[PDB]
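Read through the structure below, which is laid out as structure tokens, and then see the notes.
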Amino acid sequence: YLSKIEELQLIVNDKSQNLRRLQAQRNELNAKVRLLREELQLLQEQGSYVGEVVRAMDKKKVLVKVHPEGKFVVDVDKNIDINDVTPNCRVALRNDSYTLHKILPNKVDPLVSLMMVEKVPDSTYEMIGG
Amino acid sequence: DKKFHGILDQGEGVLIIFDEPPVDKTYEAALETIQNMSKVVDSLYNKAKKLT
Amino acid sequence: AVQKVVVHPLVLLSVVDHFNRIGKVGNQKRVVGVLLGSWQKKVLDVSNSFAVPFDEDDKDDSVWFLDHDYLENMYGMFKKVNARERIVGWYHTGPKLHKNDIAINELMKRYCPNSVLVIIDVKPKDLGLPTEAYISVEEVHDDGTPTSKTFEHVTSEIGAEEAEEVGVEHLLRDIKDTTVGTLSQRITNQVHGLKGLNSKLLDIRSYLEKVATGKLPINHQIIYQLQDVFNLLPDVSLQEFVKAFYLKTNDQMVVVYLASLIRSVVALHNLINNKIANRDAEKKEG
Amino acid sequence: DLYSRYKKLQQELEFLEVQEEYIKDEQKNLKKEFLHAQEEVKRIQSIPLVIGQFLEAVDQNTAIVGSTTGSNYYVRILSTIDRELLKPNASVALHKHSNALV
Amino acid sequence: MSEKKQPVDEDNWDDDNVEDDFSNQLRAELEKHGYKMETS
Amino acid sequence: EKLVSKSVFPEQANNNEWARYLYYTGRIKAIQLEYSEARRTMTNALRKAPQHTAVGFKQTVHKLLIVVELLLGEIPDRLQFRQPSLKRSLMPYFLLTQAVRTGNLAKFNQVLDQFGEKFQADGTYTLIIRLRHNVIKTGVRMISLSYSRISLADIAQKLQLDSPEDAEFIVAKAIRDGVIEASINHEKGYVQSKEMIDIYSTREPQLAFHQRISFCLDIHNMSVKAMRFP
Amino acid sequence: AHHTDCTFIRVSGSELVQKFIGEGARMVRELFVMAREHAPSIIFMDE
Amino acid sequence: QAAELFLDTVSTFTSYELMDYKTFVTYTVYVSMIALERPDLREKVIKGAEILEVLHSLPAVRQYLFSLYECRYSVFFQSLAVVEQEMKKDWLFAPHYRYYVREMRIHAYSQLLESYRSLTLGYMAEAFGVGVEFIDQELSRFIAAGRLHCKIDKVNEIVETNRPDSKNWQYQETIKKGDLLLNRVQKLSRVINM
Amino acid sequence: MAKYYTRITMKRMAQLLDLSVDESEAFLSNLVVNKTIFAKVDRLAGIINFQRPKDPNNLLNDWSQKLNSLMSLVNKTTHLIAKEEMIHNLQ
Amino acid sequence: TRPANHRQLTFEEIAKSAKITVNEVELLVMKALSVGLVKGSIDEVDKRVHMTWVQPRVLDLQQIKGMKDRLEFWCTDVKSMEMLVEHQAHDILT
Amino acid sequence: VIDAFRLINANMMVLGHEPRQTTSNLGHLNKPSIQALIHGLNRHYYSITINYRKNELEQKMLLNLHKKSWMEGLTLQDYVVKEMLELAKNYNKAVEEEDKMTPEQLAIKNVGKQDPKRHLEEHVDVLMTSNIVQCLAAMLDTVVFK
């Protein structure tokens, strides 16, 4: 029984592996939060200029006026098709090569405030009288 | 009610009229502990139902 | 004058690099260089500095040579690089100050109207700061010590620089409140308990040792005056400090209690957060 | 082979305990890194910031804003800032090099 | 997990403690207490 | 032998098992005259009753706690718990509690003879037999809370002692243990019974109101234990 | 506007745009273009 | 709860259950003073516009309601005895007649004691009934109940004061909530811990 | 009158104030009209306790003593090295 | 000369110290206190000093108080207690 | 921000600009890669890797002069503490009392569909560190001094 029940005592010590799994999860959890900070290295990259597309031409060329400067012919990125580009569209021009980084919506003048769609008025169809 | 803010100050020879009763710790903890224990009551319901 | 002596980190490293530069010869046993800094205000801040060739001899400490040409030519070229830069003193290693230092100081006094000596140690130890600040002046001691010409200690500080520890601290660093009260208390007990005792022990030894080799146990007013200022607290028996009872003792309980009562509330928040974290989130057999 | 099995199970515990120490040690090292990185996120905000006005949020983690120069830029919003404050144009500090919504 | 084992071995409450305190007392019914002061 | 036999097993996974261990352990102390420790153990045991224990069950645990508190001399009213099954067995104890408050021995005697049955079945009847002498202690404890410096003759009137010297003898018994220092002058002061002073949760109780926090702060162990389970 | 299931645009404002130092065609040409972007749209005018 | 729900003194109409608005007022004054603090009693009953006319009709109700606020201890004790006979005779007020009288006596004893840390029992006798022993016996029983928050003395014949809740009972207040609050976690952890 | 003394007699303080003890309360009412402060005097013991008026928490007393006692110790150490160097100057 | 303990002394000793009658010293101590050359705390229960700041012109003897009589010996005691903090929490120091 | 560059000869352009005998060093060189502005003028030049030269005692003196000097390390006096602490402890606890309402909302909420509940308000560590370090001043009170 001395060498056939002592092995059974080592089976009691097997529960430590369950603790090792719990700590292993924490190691990954800490890795995730630090990885988010590693992702924050992206904030360092300079923002691409915001410009409006006057018109589009073929061969991945678009005519976009810079917001404070002048008309610039730009090379479209692989991500966005020339077809996707349209006149009067606020695209993003790359900081260094003025490339079409992405298409940005909300191309509208102060009239957006007038929409007043947000905060819809209190329901009153029942409250209306005769 | 409101007044000199000193209880029977007739014996002393130095005078002890003062009031200092608003310690934030006693009031904030007393409110939070009642509110926190509400989580304990609610947590018991969430765990017990899944347990059985 | 010389109310404070901030030393820029770049200069602090410069002394060590010179020691390595002359590391081939260990005979000098010290590193000597002209110390250049700006007297913007009473505060003295050392800036970029250069090392004049110098030899210190054990033979009566009178065989000392400072090159006039090196001091003049390098200072002029360095001043061309910085208008603000000016001779403000000199720096030496050799933590025990040599008797020759005062003679070198007189030449230093001639070059700069209010020059200072910084005894930076190339090999750092523990406690305080590496640079030691001494200014040599001639005066008549009020009690009546003859000559009364000696270096006088002045406060010293470390200068401010940017992108300097990227070379060094990036490997380590511990900028957090996590280690506060975990090891910080240990360091103060480590040095105030031992290093503070060591300086007092030097004076207690001096009661006979100052008689034997020291200037005098009964000397330098601050030996007793500063010690008596340190003995603002009585030091023995009744004390009347932590034995105040109705005073400090009663207050210690009120603050300790107010601090302690939060911990019971603190435990409540931490314990329940664990119960939701493991009892419910871990228990998801699905 | 019960005597041999006792040695084998004992070996498994010894290896596991030896490995168990490593996970805790690395996890402690990760905690220090998390604090250092968190300080770096605070550091980008401290440097002098050009003043800017928020204009539109294309999506979470990005924004279109006009600076004092006025030029519109595809800047990236910082994670810590409350999103609700971003929606009113108001005023947003921009990192000088990044132009990001610090 | 019913213990069992030991069987071998306001509306009607809350005021019970207060009632118990003067259940023996209150023979005076308060009015006698006033009369006792009058005799005093 | 059980006290020596006591070992570890603080896991108490059943919890009801811990209450069962506590119920007897409290019973052992109550019979061993350690009433003060027993009442706390019974209260801890009473708290851990997840099972209904509706009839003739939890009432037995309640019965031990009430008798031991009465043995201490502090008076516990039955209104706080009053389980209906506890109530059926409590018609005796409830009258006995009234008898302890009353100065009439004959009322206590009527309760003992009329309600001797059932209490004997509980097995706490021996504790009631010792309680018959304990009635005097309850009055002195009430006096100690009520009067800071009561007169010796007044104590004799309050506890109906036959003689003032008997009252002085009772005052020595009153000091007993776990009560404020009598500090009796033995002359004009009589039963000075001076209460503890400066008990303001200040310096005098600085240990008093910091030690209480240490125990609750020690329960922060729950965060470590549950964190280990995942 | 509450019971609509359509974009509701409120344009009760007067003329600040057009040929004034303000902006061009904002009151009408821009308002319709925004309504085009949201196809189910109702515009309420109070003058 | 009744004193709070008897706030509708202004519009009781002439409910059949009320024998008269006058009866509703007698109940509302009797019920409110037991459950109302001195700030509310002046604001709602002592300064109450509608109640004041109704107490004009009843001299006894007016004296009893006014005496507690006026701190006329001698008059109210006599008036309380008149109230006891009415409360026992009244249906729906007889079951709690004992609780009402003793609770009023506890409230009365707390009011004069609050002002003075040291009170000679002779002074209490002058304020209330003449016999010193009768005030002393009530004082001891109420003190025993935990009511009267004070410590009595003998031979010196001076009644002292008890500790304020804000001063040090704040620690007790945290512990009392804490003991039930902590007890819950001990039982709860075991159920999931198993 | 302030000073650092504690048990100086109030009747003696009235004599120091050069006013009659019998009319001292009215004379000290002049102190009340001056409303300089209430440094504290115990008339029951006939002593002017002119040391501290209204006791606050003594948090600064430990902080200032600790800051000064420690600062004096570094000052002692900084001067100590120079003197130790002077014995070494002859050694 | 005496920090605490012996610093506190009877009025009669101050009467001998001011060479004045003990009844006179009740008046005299106030005059000596008035000079206030050194800021301190003085209790007139026994005219005990136990005061705060004082400036000695020079230390008595060989500064025996400065040796293990008061200073240094206390400092040796502190480092042993500092070691107790290390023993109490060696793992935390890491 | 400092970077080191060496020009590449036009004659050398036909030959491979930088033959590599060691893959790992090229991988370390690859980690910096190229800058977009540098890429614009990259041709006719090759970036060369820069590493800090070995620093030993030099690292040690700045290391000694960092926590002790650049950071606050008086050490003799390194160890507000009891004056404004009561205000800070009350204020953070007040923020927790409002913040804990969001965890109270999560437990009451059925949360069948996962939603953010503003939990992890934390501040428990901040309160723990502040209260414990101030309580450690007891060592100064009876051990560091008398």
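Taking the numbered list (1) under 30 Å from F:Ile155 (Cα atoms); (2) touching a helix residue (DSSP H, G or I) at 6+ places or on another chain (Cβ under 8 Å) in turn, F:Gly56 passes all entries but (1).
Please list, ordered by residue number, the helices (runs of 4 or more DSSP H) wholly in region F:61-169 having 1 or more residues that are within 16 Å of the chain's Cα centre (by Cα) and within 14 Å of another protein chain (Cβ to nearest Cβ). Break it down stepwise before answering.
Numbers: elements: F:84-101, F:105-114, F:116-122, F:125-146, F:152-158.
Where helices (runs of 4 or more DSSP H) fall fully within region F:61-169 and carry at least 1 residues being within 16 Å of the chain's Cα centre (by Cα) and within 14 Å of another protein chain (Cβ to nearest Cβ), they are F:84-101, F:125-146.
Taking the criterion of being facing another protein chain (nearest Cβ under 9 Å) and under 19 Å from D:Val58 (Cβ atoms), the residues of region A:41-56 that qualify are A:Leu42, A:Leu43, A:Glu45, A:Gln46, A:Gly47, A:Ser48, A:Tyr49, A:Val50, A:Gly51. Please verify whether region C:211-223 includes one or more residues that are over 24 Å from the mean Cα position of the chain (by Cα), crowded, with 21+ Cβ neighbours inside 10 Å, facing chain J (nearest Cβ under 7 Å) and not small (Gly, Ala, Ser). So far as region C:211-223 goes, yes, one or more of its residues are over 24 Å from the mean Cα position of the chain (by Cα), crowded, with 21+ Cβ neighbours inside 10 Å, facing chain J (nearest Cβ under 7 Å) and not small (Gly, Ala, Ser). Can J:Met51 be described as more than 30 Å from C:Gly196 (Cβ to Cβ) and surrounded by 19 or more Cβ atoms within 10 Å (Cβ to Cβ)? Here the answer is no, as J:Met51 does not meet what is asked. Only one of the listed residues (D:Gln53, D:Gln10) is facing another protein chain (nearest Cβ under 7 Å) and polar (S, T, N, Q). That residue is D:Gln10. Checking the structure you have, find out if any residue of region J:64-78 is surrounded by 15 or more Cβ atoms within 10 Å (Cβ to Cβ), in contact with a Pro (Cβ under 9 Å, 6 or more places away or on another chain) and not in a helix (DSSP H, G or I). Yes, there is a match, as at least one residue in region J:64-78 is surrounded by 15 or more Cβ atoms within 10 Å (Cβ to Cβ), in contact with a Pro (Cβ under 9 Å, 6 or more places away or on another chain) and not in a helix (DSSP H, G or I). The single condition from (1) under 14 Å from the mean Cα position of the chain (by Cα); (2) surrounded by 13 or more Cβ atoms within 10 Å (Cβ to Cβ); (3) not in a loop (DSSP other than H, G, I, E, B) that D:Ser79 fails is (3). Against the conditions (1) assigned to a loop (DSSP other than H, G, I, E, B); (2) more than 9 Å from chain A (Cβ to nearest Cβ), G:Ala1 satisfies every one except (2). For C:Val229, state whether it is among the aliphatic types (A, V, I, L, M), over 30 Å from J:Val49 (Cβ atoms), under 29 Å from the mean Cα position of the chain (by Cα) and part of a helix (DSSP H, G or I). So C:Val229 does not fit the description; no.
Has region H:180-194 got any residue that is out of contact with any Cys (no Cβ under 6 Å at 6 or more places or on another chain), facing another protein chain (nearest Cβ under 7 Å), surrounded by fewer than 16 Cβ atoms within 10 Å (Cβ to Cβ) and on the phi > 0 side of the Ramachandran plot? Scanning region H:180-194, I find at least one residue that is out of contact with any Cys (no Cβ under 6 Å at 6 or more places or on another chain), facing another protein chain (nearest Cβ under 7 Å), surrounded by fewer than 16 Cβ atoms within 10 Å (Cβ to Cβ) and on the phi > 0 side of the Ramachandran plot, so the answer is yes. Condition check for B:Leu15 on (1) within 14 Å of chain I (Cβ to nearest Cβ); (2) crowded, with 18+ Cβ neighbours inside 10 Å: one failure, at (2). Scanning region I:37-91 for residues that are surrounded by 15 or more Cβ atoms within 10 Å (Cβ to Cβ), in contact with a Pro (Cβ under 8 Å, 6 or more places away or on another chain) and among the aliphatic types (A, V, I, L, M) returns a single hit, I:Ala39. The residues listed here are C:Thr131, C:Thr150; of these, the one that is more than 23 Å from K:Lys146 (Cα to Cα), of a type in the set (S, T, N, Q) and assigned to a strand (DSSP E or B) is C:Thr150. Cβ-Cβ distances below 9 Å connect the following pairs, each with a first residue in region C:261-286 that is more than 7 Å from chain F (Cβ to nearest Cβ) and under 14 Å from B:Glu28 (Cβ atoms), a second residue that is of a type in the set (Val, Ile, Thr) and assigned to a helix (DSSP H, G or I), and a separation of six or more residues or different chains: C:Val265/B:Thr33; C:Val265/H:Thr174; C:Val266/K:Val124; C:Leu268/B:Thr33; C:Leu268/B:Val40; C:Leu268/H:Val185; C:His269/K:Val124. The set of residues in region C:72-125 that are over 26 Å from C:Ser62 (Cβ atoms) and assigned to a helix (DSSP H, G or I) comprises C:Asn73, C:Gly76, C:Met77, C:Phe78, C:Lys79, C:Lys80, C:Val81.
Do any helices (runs of 4 or more DSSP H) lying entirely in region H:26-137 carry at least 2 residues that are surrounded by 14 or more Cβ atoms within 10 Å (Cβ to Cβ), within 12 Å of chain E (Cβ to nearest Cβ) and out of contact with any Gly (no Cβ under 9 Å at 6 or more places or on another chain), and which ones are they? Outline the logic, then answer.
Values: elements: H:49-57, H:59-70, H:73-89, H:97-115, H:121-127.
Ranges flagged: H:73-89, H:97-115.
Note on region F:143-188: residues that are touching a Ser or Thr at 6+ places or on another chain (Cβ under 8 Å) and within 21 Å of F:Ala99 (Cα to Cα) amount to 5.
Can you pull out every residue in region A:13-28 that is more than 9 Å from chain D (Cβ to nearest Cβ) and of a type outside the set (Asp, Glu)? Of everything in region A:13-28, those that are more than 9 Å from chain D (Cβ to nearest Cβ) and of a type outside the set (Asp, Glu) turn out to be A:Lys15, A:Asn18, A:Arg21, A:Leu22, A:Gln25. Residues that are among the basic types (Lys, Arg) and in a strand (DSSP E or B) were ranked within region A:36-72; the one that is farthest from A:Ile103 (Cα to Cα) is A:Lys71.
For (1) within 14 Å of chain I (Cβ to nearest Cβ); (2) of a type in the set (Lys, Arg); (3) surrounded by 12 or more Cβ atoms within 10 Å (Cβ to Cβ), each residue gets a yes or a no:
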{"site": "K:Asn25", "(1), (2), (3)": "no, no, no"}
{"site": "K:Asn30", "(1), (2), (3)": "no, no, no"}
{"site": "K:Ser47", "(1), (2), (3)": "no, no, yes"}
{"site": "K:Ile50", "(1), (2), (3)": "no, no, no"}
{"site": "K:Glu56", "(1), (2), (3)": "no, no, no"}
{"site": "K:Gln59", "(1), (2), (3)": "no, no, yes"}
{"site": "K:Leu62", "(1), (2), (3)": "no, no, yes"}
{"site": "K:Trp70", "(1), (2), (3)": "no, no, yes"}
{"site": "K:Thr75", "(1), (2), (3)": "yes, no, yes"}
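B:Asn46 satisfies every condition listed in (1) within 14 Å of chain I (Cβ to nearest Cβ); (2) assigned to a helix (DSSP H, G or I) except (1).
Counting neighbours? That spans all protein chains shown, and the Cβs are built from the backbone with ideal geometry, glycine included. Read the figures in this text as sums done on the coordinates, not as results from a lab.
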